[PDB]
Amino acid sequence: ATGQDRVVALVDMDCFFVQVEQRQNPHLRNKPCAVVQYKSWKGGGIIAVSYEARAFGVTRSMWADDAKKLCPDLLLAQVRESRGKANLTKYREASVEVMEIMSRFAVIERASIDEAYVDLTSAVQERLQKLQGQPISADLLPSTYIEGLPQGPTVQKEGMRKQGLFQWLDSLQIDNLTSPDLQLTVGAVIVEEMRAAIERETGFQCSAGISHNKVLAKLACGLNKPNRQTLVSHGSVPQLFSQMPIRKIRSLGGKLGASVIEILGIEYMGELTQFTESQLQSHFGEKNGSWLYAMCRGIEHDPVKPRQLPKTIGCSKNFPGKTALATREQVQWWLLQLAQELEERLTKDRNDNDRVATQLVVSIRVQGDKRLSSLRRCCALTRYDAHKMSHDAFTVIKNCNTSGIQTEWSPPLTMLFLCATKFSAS
DNA sequence: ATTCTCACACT
DNA sequence: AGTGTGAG
Ligand SMILES: O=c1[nH]cnc2c1ncn2[C@@H]1O[C@H](COP(=O)(O)OP(=O)(O)OP(=O)(O)O)[C@@H](O)[C@H]1O
Ligand SMILES: [Ca+2]
């Protein structure tokens, strides 16, 4: 098994929220700019950064006040606020624009508001029979980089790309309709076309990775951003992984990746090949060990899920610092604010996508606790009604109130969370 | 006060 | 059901 059965792409909308604001406000185009939320504390938290601003060092999670110190001409657009919380509807709606276009070309799995995996295997097959057996021109791949090329016996970026692509296409074996390299290349032609259609029909630019699975496709996508696409072939994996830090591979950016590094005493993905599968399973469990043994040879089997819609709809807000909720009627009021936004989105979801959610999940965070959530409770969701929803949410959390007073809430709450789950066809 | 989401494994 | 990890 060489993990070359599929053609999979990962498409990533370049700094998506910024692009949405730049389409809407021409003044912001081709300028260093960022999208922020909650203007009051330190000028707002930055949640998306244009490439012009990233060259000054502006990143996500900065405060806008701090970003302006790195980039004094930074322009800002602020997220819509509804009922005291950031409202992402404009970006969600723009996402649906893009996903609907992508769905014309192949079946897609929505990964987040601005990424989608694409399964191109069948689309490639049909495009290879329509193509008689004729060469693929470099003109069909005007923004494609071939990872690892050029090599062997130019000083500008576009010169290198064309040389890499020339060497790739020159050695391509077009007469064999089953070569995985040829299948990737056709896959890349289809993604150029999909990316052309997205930009024509929305104005949005994006990057893409093309490879044989989601993990390599995702890694590839990040190699030549913005507005470019990268093909990572099976043959390119040993050189690519030989200096690729473990933490860059999807699902290894956290504790598991750190302990792969610490327990095995290695730094790069390719060093994993020297261990037997049993060795890896004993250190990291059957599932992780098998997965690691295959992944470091470029092999991964997670399917592109034919799923363009989320499985839960949730509304959370944080109350950090002295803003932690400390009274009963504070908790009730914010639960109602979250329940009302939830109600808006559930009804819109029942009209568009013909489904009703049946379970309500409530999560709270307590001041002093260490973790994302302190506590998770559920109850039935039988009516899309904000006052019943918030009333029910309070009911299943009210006994977490350590305080003996009826009107006070101790310990103060640093996070409220409502989530609709367990959908049924409607 | 990276916030705000969403998916999945484990038990 | 409830907790913990990982991601965009
Ligand atoms: O903490 C986060 N880390 C990454 N992402 C986050 C985070 N919190 C929320 N998000 C959501 O994930 C969208 C795109 O996150 P992304 O990583 O794909 O990066 P961008 O499009 O900003 O620019 P790129 O770097 O892709 O050119 C963001 O806007 C927002 O909706
Ligand atoms: Ca993106």
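Atoms considered below: every heavy atom in the structure, side chains included; atoms not considered: hydrogens, waters and symmetry mates. Each chain gets a letter, A, B and so on, in the order the sequences are listed, and its residues count up from 1.
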How many Å lie between [atom1] on [X] and [atom2] on [N], as a whole number?
X        : N     : atom1 : atom2 : value
A:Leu252 : B:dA9 : CG    : P     : 16 Å
A:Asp369 : B:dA1 : CG    : P     : 13 Å
A:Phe16  : B:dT5 : CZ    : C1'   : 15 Å
A:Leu375 : C:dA1 : CG    : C1'   : 12 Å
A:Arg250 : B:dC8 : CZ    : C1'   : 11 Å
A:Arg345 : B:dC4 : CZ    : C1'   : 13 Å
A:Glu115 : B:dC6 : CD    : P     : 15 Å
A:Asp302 : C:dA7 : CG    : P     : 13 Å

In terms of side-chain geometry, is the basic nitrogen of [X] or [Y] positioned less than 4.0 Å from the acidic oxygen of its partner?
X        : Y        : answer
A:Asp302 : A:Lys214 : yes
A:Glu81  : A:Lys39  : no
A:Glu267 : A:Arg247 : no

**Message:** Do A:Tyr117 and A:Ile108 make a side-chain contact, defined as non-hydrogen atoms from C-beta onward lying under 4.5 Å apart?
**Reply:**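 No, every pair of side-chain atoms sits at 4.5 Å or beyond.
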**Prompt:** With side chains defined as the heavy atoms from C-beta onward, is the minimum distance between A:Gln337 and A:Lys85 less than 4.5 Å?
**Reply:** no
**Item:** DNA chain B: 5'-proximal contact among A:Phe417 and A:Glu109 (nearest heavy atom)
**Value:**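 The 5'-side residue here is A:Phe417.
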**Request:** Using the closest heavy atom to pick a nucleotide of DNA chain B for each, name whichever of A:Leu338 or A:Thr323 lands nearer the 5' end.
**Result:**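 Nearest-nucleotide comparison on DNA chain B picks A:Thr323.
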**Asked** Could a donor-acceptor pair under 3.5 angstrom be found where the side chain of A:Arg60 meets the base of B:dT2?
**Response**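 Pair found.
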Taking 4.0 Å as the cut-off, does a side-chain nitrogen or oxygen of [X] come that near to OP1 or OP2 on [N]?
X        : N     : result
A:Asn318 : B:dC4 : yes
A:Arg92  : B:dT5 : yes
A:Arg307 : B:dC8 : yes
A:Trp63  : B:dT2 : yes
A:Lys322 : B:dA1 : no
A:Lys85  : B:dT5 : yes
A:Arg371 : C:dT3 : no
A:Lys218 : C:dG8 : yes
A:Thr312 : B:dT5 : no

Any base atoms under 4.0 Å from [X], or only sugar-phosphate, or nothing? Heavy atoms, all strands.
X        : value
A:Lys422 : nothing
A:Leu88  : nothing
A:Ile313 : sugar-phosphate
A:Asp12  : nothing
A:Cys419 : nothing

**Request:** Output the residues of residues 33-49 of chain A in contact with DNA chain B, where contact means a heavy atom of the residue under 4.0 Å from an atom of the strand; sort by number or write none.
**Result:**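 DNA chain B contact set from residues 33-49 of chain A: A:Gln37, A:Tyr38, A:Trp41.
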Nucleotide of [options] approaching [X] most closely (side-chain heavy atoms):
X        : options             : value
A:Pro320 : B:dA1, B:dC4, C:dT3 : B:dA1
A:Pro310 : C:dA7, B:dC6, C:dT5 : B:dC6
A:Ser61  : B:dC8, B:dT2, C:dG2 : B:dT2
A:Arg376 : B:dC4, B:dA7, C:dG2 : C:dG2
A:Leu256 : B:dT5, C:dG6, C:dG8 : C:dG6

**Message:** Between C:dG8 and B:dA1, how far apart are the two P atoms, rounded to whole Å?
**Reply:** 23 Å
**Request:** Would you check if the side chain of A:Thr312 reaches a backbone N or O of A:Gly314 as a donor-acceptor pair within less than 3.5 Å?
**Result:** no
**Message:** Between A:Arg195 and A:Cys206 (side chain of the first, backbone of the second, donor and acceptor by atom type, cut-off under 3.5 Å), is there such a pair?
**Reply:**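 A pair under 3.5 Å: yes.
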**Residue pair A:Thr144, A:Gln229: steps toward the side-chain hydrogen bond (donor to acceptor under 3.5 Å, both in side chains) verdict** = CA-CA 5 Å; A:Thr144 293; A:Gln229 61 182 65; 2.9 Å; yes
**Prompt:** Got a second to check how far A:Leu335's CG is from A:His391's NE2, nearest 0.5 Å?
**Reply:** 11.0 Å
**Message:** Can you classify the ring geometry of A:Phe17 versus A:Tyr91 as parallel (below 30°), tilted (30 to 60°) or perpendicular (above 60°)?
**Reply:**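 Plane angle under 30°, so parallel.
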